Amino acid sequence: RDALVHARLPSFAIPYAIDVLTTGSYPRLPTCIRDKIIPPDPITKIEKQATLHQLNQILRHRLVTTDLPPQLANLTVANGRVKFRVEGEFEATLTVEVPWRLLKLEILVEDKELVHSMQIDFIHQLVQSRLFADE
Amino acid sequence: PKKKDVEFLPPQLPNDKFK
Amino acid sequence: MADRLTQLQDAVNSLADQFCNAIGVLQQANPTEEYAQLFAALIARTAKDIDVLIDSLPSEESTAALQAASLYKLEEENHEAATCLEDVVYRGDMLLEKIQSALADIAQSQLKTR
Amino acid sequence: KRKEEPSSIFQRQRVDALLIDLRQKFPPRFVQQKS
Amino acid sequence: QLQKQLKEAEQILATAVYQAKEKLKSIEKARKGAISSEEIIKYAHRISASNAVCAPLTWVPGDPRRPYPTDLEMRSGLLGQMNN
Amino acid sequence: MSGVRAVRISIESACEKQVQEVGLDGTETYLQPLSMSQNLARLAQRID
Amino acid sequence: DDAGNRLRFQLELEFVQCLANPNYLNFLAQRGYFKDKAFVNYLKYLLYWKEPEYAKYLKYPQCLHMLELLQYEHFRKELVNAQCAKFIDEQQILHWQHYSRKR
Amino acid sequence: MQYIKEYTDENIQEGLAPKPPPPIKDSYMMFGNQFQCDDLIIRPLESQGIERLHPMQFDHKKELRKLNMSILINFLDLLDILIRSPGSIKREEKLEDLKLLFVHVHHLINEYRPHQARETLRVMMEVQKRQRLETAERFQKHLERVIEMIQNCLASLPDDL
């Protein structure tokens, strides 16, 4: 009852064995210590470019679905983002049921006498409200 | 919960152009 | 599972428990009845393990060479099925990309014509 | 490299007066949902 | 009709692309690092008997396992007392 | 041994449901809800 | 013939396993473990102990994981306190039940 | 502090200071708890090293019968020692021989368990791969049926309109 180690069956430990077989790390443990307290880049280093196709697809789908406003010859949709409008001083914006981001461009002016600073963000904040109103 | 007020003062564009 | 290791560990644990009970009783009634029941259960488990290792459980002969060949054939069949599924998935992805392109074209045409 | 330089204009500053004409036509909608 | 068809086809294609990416990643992992199971099983059998690698079958209150390899390697071995 | 039948098998560990949620003395569970719908769009990077 | 086939196992595995153990975690920000420029790079350039070329003596884990994730100057900054390391060790100690609920 | 000053600083440099390609670790070393030398058993067989009692069969029933015979011999020796005289020490020798035989049987069982464990792991992997292939085939068939139904609906709508 004190030296029966020679009669003890062999421990298998299938999980730990399969983990240590090829994964030379500590995956079978809590790995949220250095992750939850650090802003590491998980994925989409340069592969995010491939998501632009799906982004443009979703943008076109939402455009087709939602009743578009008057043309104004300024409507456009391409990669990267969706050019909202460019007629006159209209700015462009797009996202990144579904969210809707903004602040990609700004207003334009002429006949200088420099132009107004970035205090326009106020309206942008209201735009944010219009982004969350979803009417 | 960002803000529960009405703000217009924060801009406060100064002059600093006293002649 | 159903491997020899399970029955081997069971028999080893039963033998260890029987040895511990014998050591406890040798240096010492519900206790006598409990010890007799434990010994009978251990003997029955050992007899069943011996019968399984004789008839059911595979002995040292009949190695896993045929089992390894069957596993390799199954892995090759699964790889072929995965390759066919990947080809079908590429076909479907191309079809979906073309459909999305056509839908976007139709939408842009309807927008510009309105 | 530019976080203190506030370019003042004060010529077209009238825009701020026009600023108090949008919330009156349509005000923003409070959310209280910082998703 | 086209939107419904595109949504169904996109869901199916996303599921199939996920499955294909999983299969390709498994194939790449198998092709990158792969060795015979004989040596792995031998090392597992040689290190799983005693409480050298991790918690053995003899688990009791207060498991002597730790985040490090072991405690006997540094108390008397030459791994934690290479210079002393 | 000494030239026994070898098999060049593939190393495929188990990846069904690992221990993701931190547990406290047993009675634990998984935390992977397979949010592939949201994870499709989760790279909130800078526009410009 | 010491740099070729005599240092890859004498001072490569032993020193890494000694400097990467959680016992001397707070006892390494003084002599240089990951904060030095020529320390983390030299550790990463000597990670040939857990790759597919040394899969015959895989007994000491956490060999390359330390140089991969810990020595990346991210985990070395924080987690050096007494309360944080103790909490991490307590949270990792509870993961020692991989043989009971492995079904 | 307590750390290597000469060795740790001599190899902390660029160029040849880094580790070379990992060759076959088949010589003297100190990796972990072993000498980094494979094909080295930890215990001997039943017919070499100690007295030969267990046969080459190494069957579970044969091992149980051998253990029972050893226990009976130990009990007879203990009874003879307690009854006649304590000048007999064959009991401890028989117990040590039985322990060594049990250790050899356990080592043989653990050596044979690797092939069975590998075969079980391969069978489980084959079953998992077959289930995954069946699920993927079902998904592909559902996708093809959805595409066929979409085409049929498009043909029916544009014709009747």
# chains A, B, ... in the order shown; residues from 1 in each chain; ligands from 1
>>> closest_atom_pairs(of="chain C", to="chain H", cutoff="9 Å", atoms="only C-alpha atoms", output="tab-separated table")
residue	atom	partner	partner_atom	distance
C:1	CA	H:120	CA	6.9
C:2	CA	H:120	CA	8.9
C:3	CA	H:116	CA	7.1
C:4	CA	H:113	CA	7.5
C:5	CA	H:113	CA	6.5
C:8	CA	H:60	CA	7.9
C:46	CA	H:64	CA	8.7
C:47	CA	H:61	CA	8.8
C:49	CA	H:60	CA	8.2
C:50	CA	H:61	CA	5.5
C:51	CA	H:61	CA	8.7
C:53	CA	H:60	CA	7.0
C:54	CA	H:61	CA	8.3
C:59	CA	H:59	CA	7.7
C:60	CA	H:112	CA	7.7
C:63	CA	H:115	CA	8.1
C:64	CA	H:119	CA	6.3
C:65	CA	H:119	CA	8.9
C:67	CA	H:119	CA	6.5
C:68	CA	H:119	CA	6.5
C:70	CA	H:123	CA	8.5
C:71	CA	H:122	CA	6.0
C:72	CA	H:126	CA	8.4
C:74	CA	H:126	CA	5.8
C:75	CA	H:126	CA	6.1
C:77	CA	H:130	CA	8.5
C:78	CA	H:129	CA	6.0
C:79	CA	H:129	CA	8.6
C:81	CA	H:133	CA	6.2
C:82	CA	H:133	CA	6.5
C:85	CA	H:136	CA	6.7
C:88	CA	H:140	CA	7.2
C:89	CA	H:140	CA	7.6
C:92	CA	H:143	CA	8.2
>>> interface_residues(of="chain A", to="chain C", cutoff="8 Å", atoms="only C-alpha atoms", output="list in words")
residues 1, 4, 7, 8, 9, 10, 57, 60, 61, 63, 64, 68 and 71 of chain A
>>> write_last_selection(atoms="C-alpha atoms", output="compact mmCIF listing (two decimals), in the first residue's frame")
# COMPACT_ATOMS: atom_id res chain seq x y z
CA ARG A 1 0.00 0.00 0.00
CA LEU A 4 2.52 -0.01 -5.57
CA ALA A 7 1.48 -1.63 -10.42
CA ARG A 8 -0.09 1.74 -11.32
CA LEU A 9 -1.60 1.82 -14.81
CA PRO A 10 -0.11 4.26 -17.34
CA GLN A 57 -21.46 44.15 -52.26
CA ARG A 60 -24.69 48.06 -53.36
CA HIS A 61 -27.33 45.78 -51.80
CA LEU A 63 -28.38 51.07 -52.04
CA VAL A 64 -30.63 48.93 -54.25
CA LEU A 68 -32.27 56.41 -53.23
CA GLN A 71 -29.62 61.70 -58.65
>>> closest_atom_pairs(of="chain D", to="chain B", cutoff="7 Å", atoms="only C-alpha atoms", output="tab-separated table")
residue	atom	partner	partner_atom	distance
D:8	CA	B:13	CA	6.4
D:32	CA	B:1	CA	4.8
D:33	CA	B:1	CA	6.8
D:34	CA	B:1	CA	6.5
>>> atom_distance(atom1="CA of residue 44 (chain A)", atom2="CA of residue 42 (chain F)")
9.1 Å
>>> atom_distance(atom1="CA of residue 18 (chain E)", atom2="CA of residue 22 (chain A)")
22.8 Å
>>> residues_around(residues="residue 93 (chain C)", least_positions_apart="3", cutoff="10 Å", atoms="only C-alpha atoms", output="PyMOL selection string")
(chain C and resi 87-90+96-99) or (chain E and resi 9-10+12-14+16-17)
>>> write_last_selection(atoms="N, CA and C atoms", output="PDB file, in the first residue's frame")
ATOM      1  N   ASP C  87     -13.713  22.166 -55.047  1.00  0.00           N
ATOM      2  CA  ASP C  87     -13.993  22.526 -56.435  1.00  0.00           C
ATOM      3  C   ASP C  87     -15.413  23.062 -56.579  1.00  0.00           C
ATOM      4  N   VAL C  88     -16.379  22.383 -55.954  1.00  0.00           N
ATOM      5  CA  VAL C  88     -17.764  22.850 -55.992  1.00  0.00           C
ATOM      6  C   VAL C  88     -17.897  24.204 -55.311  1.00  0.00           C
ATOM      7  N   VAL C  89     -17.130  24.433 -54.244  1.00  0.00           N
ATOM      8  CA  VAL C  89     -17.189  25.702 -53.529  1.00  0.00           C
ATOM      9  C   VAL C  89     -16.591  26.821 -54.368  1.00  0.00           C
ATOM     10  N   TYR C  90     -15.520  26.533 -55.109  1.00  0.00           N
ATOM     11  CA  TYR C  90     -14.963  27.533 -56.014  1.00  0.00           C
ATOM     12  C   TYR C  90     -15.945  27.865 -57.129  1.00  0.00           C
ATOM     13  N   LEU C  96     -21.581  33.117 -57.415  1.00  0.00           N
ATOM     14  CA  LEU C  96     -22.082  34.157 -56.524  1.00  0.00           C
ATOM     15  C   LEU C  96     -21.453  35.508 -56.831  1.00  0.00           C
ATOM     16  N   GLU C  97     -20.164  35.527 -57.173  1.00  0.00           N
ATOM     17  CA  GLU C  97     -19.513  36.774 -57.556  1.00  0.00           C
ATOM     18  C   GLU C  97     -20.133  37.339 -58.828  1.00  0.00           C
ATOM     19  N   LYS C  98     -20.382  36.473 -59.815  1.00  0.00           N
ATOM     20  CA  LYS C  98     -21.035  36.924 -61.040  1.00  0.00           C
ATOM     21  C   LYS C  98     -22.442  37.439 -60.770  1.00  0.00           C
ATOM     22  N   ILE C  99     -23.186  36.770 -59.886  1.00  0.00           N
ATOM     23  CA  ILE C  99     -24.545  37.203 -59.570  1.00  0.00           C
ATOM     24  C   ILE C  99     -24.519  38.550 -58.859  1.00  0.00           C
TER      25      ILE C  99
ATOM     26  N   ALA E   9     -27.308  32.170 -51.923  1.00  0.00           N
ATOM     27  CA  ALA E   9     -26.053  31.727 -52.516  1.00  0.00           C
ATOM     28  C   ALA E   9     -24.861  32.240 -51.723  1.00  0.00           C
ATOM     29  N   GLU E  10     -24.967  33.449 -51.169  1.00  0.00           N
ATOM     30  CA  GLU E  10     -23.871  34.004 -50.387  1.00  0.00           C
ATOM     31  C   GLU E  10     -23.713  33.282 -49.060  1.00  0.00           C
ATOM     32  N   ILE E  12     -24.576  30.107 -48.520  1.00  0.00           N
ATOM     33  CA  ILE E  12     -24.040  28.793 -48.863  1.00  0.00           C
ATOM     34  C   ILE E  12     -22.559  28.891 -49.212  1.00  0.00           C
ATOM     35  N   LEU E  13     -22.180  29.921 -49.973  1.00  0.00           N
ATOM     36  CA  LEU E  13     -20.790  30.078 -50.379  1.00  0.00           C
ATOM     37  C   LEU E  13     -19.905  30.457 -49.204  1.00  0.00           C
ATOM     38  N   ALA E  14     -20.430  31.219 -48.243  1.00  0.00           N
ATOM     39  CA  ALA E  14     -19.656  31.533 -47.049  1.00  0.00           C
ATOM     40  C   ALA E  14     -19.414  30.285 -46.212  1.00  0.00           C
ATOM     41  N   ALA E  16     -19.369  27.173 -47.358  1.00  0.00           N
ATOM     42  CA  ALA E  16     -18.450  26.331 -48.114  1.00  0.00           C
ATOM     43  C   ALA E  16     -17.031  26.886 -48.097  1.00  0.00           C
ATOM     44  N   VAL E  17     -16.879  28.211 -48.119  1.00  0.00           N
ATOM     45  CA  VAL E  17     -15.551  28.814 -48.089  1.00  0.00           C
ATOM     46  C   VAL E  17     -14.921  28.635 -46.718  1.00  0.00           C
TER      47      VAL E  17
END
>>> interface_residues(of="chain F", to="chain C", cutoff="9 Å", atoms="only C-alpha atoms", output="PyMOL selection string")
chain F and resi 5+7+9
>>> closest_residue(among="H:142, H:111, H:78, H:95", to="chain F", atoms="only C-alpha atoms")
H:111
>>> residues_around(residues="residue 14 (chain F)", least_positions_apart="3", cutoff="9 Å", atoms="only C-alpha atoms", output="mmCIF file with N, CA and C atoms, in the first residue's frame")
data_model
loop_
_atom_site.group_PDB
_atom_site.id
_atom_site.type_symbol
_atom_site.label_atom_id
_atom_site.label_comp_id
_atom_site.auth_asym_id
_atom_site.auth_seq_id
_atom_site.Cartn_x
_atom_site.Cartn_y
_atom_site.Cartn_z
ATOM 1 N N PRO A 15 -5.877 14.479 -24.238
ATOM 2 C CA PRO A 15 -5.916 15.902 -24.602
ATOM 3 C C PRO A 15 -4.545 16.558 -24.561
ATOM 4 N N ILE A 18 -2.234 15.082 -27.327
ATOM 5 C CA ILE A 18 -2.544 15.598 -28.656
ATOM 6 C C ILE A 18 -2.167 17.068 -28.770
ATOM 7 N N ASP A 19 -2.229 17.814 -27.664
ATOM 8 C CA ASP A 19 -1.843 19.219 -27.701
ATOM 9 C C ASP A 19 -0.332 19.371 -27.841
ATOM 10 N N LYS F 17 -14.314 21.944 -29.288
ATOM 11 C CA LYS F 17 -14.673 22.940 -28.273
ATOM 12 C C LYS F 17 -13.620 22.874 -27.168
ATOM 13 N N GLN F 18 -12.688 23.827 -27.189
ATOM 14 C CA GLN F 18 -11.635 23.883 -26.182
ATOM 15 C C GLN F 18 -12.117 24.623 -24.942
#
>>> closest_residue(among="E:27, E:57, E:52, E:6", to="chain A", atoms="only C-alpha atoms")
E:57
>>> closest_residue(among="A:104, A:124, A:28, A:85", to="chain E", atoms="only C-alpha atoms")
A:28
>>> residues_around(residues="residue 29 (chain F)", least_positions_apart="4", cutoff="10 Å", atoms="only C-alpha atoms", output="PyMOL selection string")
chain F and resi 17-23
>>> interface_residues(of="chain E", to="chain G", cutoff="12 Å", atoms="only C-alpha atoms", output="PyMOL selection string")
chain E and resi 29-48+52-71+73-74+77-83
>>> atom_distance(atom1="CA of residue 94 (chain C)", atom2="CA of residue 38 (chain F)")
23.4 Å
>>> interface_residues(of="chain H", to="chain G", cutoff="7 Å", atoms="only C-alpha atoms", output="list in words")
residues 12, 13, 18, 19, 20, 21, 22, 29, 30, 31, 32 and 36 of chain H
>>> write_last_selection(atoms="C-alpha atoms", output="compact mmCIF listing (two decimals), in the first residue's frame")
# COMPACT_ATOMS: atom_id res chain seq x y z
CA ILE H 12 24.41 37.71 -27.22
CA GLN H 13 25.48 39.03 -30.62
CA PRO H 18 22.53 32.38 -33.32
CA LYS H 19 21.65 28.72 -33.09
CA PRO H 20 22.31 26.56 -36.17
CA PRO H 21 19.86 24.11 -37.75
CA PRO H 22 18.65 21.49 -35.26
CA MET H 29 22.53 16.31 -23.87
CA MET H 30 20.39 17.54 -20.98
CA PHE H 31 17.03 18.31 -22.62
CA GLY H 32 14.33 18.29 -19.95
CA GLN H 36 17.89 13.17 -25.43
>>> decode(residues="chain B", atoms="N, CA and C atoms", output="mmCIF file, in the first residue's frame")
data_model
loop_
_atom_site.group_PDB
_atom_site.id
_atom_site.type_symbol
_atom_site.label_atom_id
_atom_site.label_comp_id
_atom_site.auth_asym_id
_atom_site.auth_seq_id
_atom_site.Cartn_x
_atom_site.Cartn_y
_atom_site.Cartn_z
ATOM 1 N N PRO B 1 -23.752 56.460 -23.056
ATOM 2 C CA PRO B 1 -23.886 57.688 -22.264
ATOM 3 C C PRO B 1 -22.718 58.645 -22.475
ATOM 4 N N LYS B 2 -22.770 59.429 -23.553
ATOM 5 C CA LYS B 2 -21.677 60.352 -23.846
ATOM 6 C C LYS B 2 -21.902 61.708 -23.184
ATOM 7 N N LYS B 3 -23.073 62.305 -23.393
ATOM 8 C CA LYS B 3 -23.364 63.631 -22.864
ATOM 9 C C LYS B 3 -24.862 63.758 -22.638
ATOM 10 N N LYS B 4 -25.236 64.511 -21.604
ATOM 11 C CA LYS B 4 -26.638 64.768 -21.273
ATOM 12 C C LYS B 4 -26.853 66.275 -21.122
ATOM 13 N N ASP B 5 -26.298 67.040 -22.057
ATOM 14 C CA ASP B 5 -26.361 68.494 -21.986
ATOM 15 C C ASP B 5 -26.394 69.056 -23.403
ATOM 16 N N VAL B 6 -26.393 70.385 -23.490
ATOM 17 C CA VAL B 6 -26.390 71.100 -24.761
ATOM 18 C C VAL B 6 -25.153 71.987 -24.806
ATOM 19 N N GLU B 7 -24.229 71.688 -25.719
ATOM 20 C CA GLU B 7 -22.912 72.314 -25.730
ATOM 21 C C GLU B 7 -22.708 73.097 -27.019
ATOM 22 N N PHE B 8 -22.294 74.359 -26.881
ATOM 23 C CA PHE B 8 -21.824 75.178 -27.996
ATOM 24 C C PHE B 8 -20.557 75.965 -27.689
ATOM 25 N N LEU B 9 -20.142 76.063 -26.426
ATOM 26 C CA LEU B 9 -18.968 76.795 -25.962
ATOM 27 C C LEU B 9 -17.619 76.130 -26.250
ATOM 28 N N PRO B 10 -17.494 74.797 -26.211
ATOM 29 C CA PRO B 10 -16.169 74.158 -26.377
ATOM 30 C C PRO B 10 -15.377 74.673 -27.570
ATOM 31 N N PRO B 11 -16.014 74.980 -28.741
ATOM 32 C CA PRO B 11 -15.225 75.547 -29.848
ATOM 33 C C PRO B 11 -14.355 76.727 -29.437
ATOM 34 N N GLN B 12 -14.981 77.793 -28.942
ATOM 35 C CA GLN B 12 -14.304 78.953 -28.354
ATOM 36 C C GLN B 12 -13.065 79.353 -29.159
ATOM 37 N N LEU B 13 -13.306 79.753 -30.405
ATOM 38 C CA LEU B 13 -12.225 80.192 -31.279
ATOM 39 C C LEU B 13 -11.671 81.518 -30.778
ATOM 40 N N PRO B 14 -10.419 81.569 -30.312
ATOM 41 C CA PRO B 14 -9.891 82.820 -29.751
ATOM 42 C C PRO B 14 -9.533 83.841 -30.819
ATOM 43 N N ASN B 15 -9.202 85.062 -30.390
ATOM 44 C CA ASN B 15 -8.829 86.131 -31.313
ATOM 45 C C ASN B 15 -7.321 86.347 -31.316
ATOM 46 N N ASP B 16 -6.711 86.613 -30.155
ATOM 47 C CA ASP B 16 -5.275 86.832 -29.976
ATOM 48 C C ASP B 16 -4.667 87.714 -31.062
ATOM 49 N N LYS B 17 -5.435 88.690 -31.548
ATOM 50 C CA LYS B 17 -4.992 89.600 -32.597
ATOM 51 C C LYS B 17 -5.143 91.061 -32.182
ATOM 52 N N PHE B 18 -4.912 91.356 -30.903
ATOM 53 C CA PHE B 18 -5.006 92.723 -30.409
ATOM 54 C C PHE B 18 -3.966 93.610 -31.080
ATOM 55 N N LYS B 19 -4.421 94.746 -31.598
ATOM 56 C CA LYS B 19 -3.531 95.690 -32.265
ATOM 57 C C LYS B 19 -3.123 96.812 -31.317
#
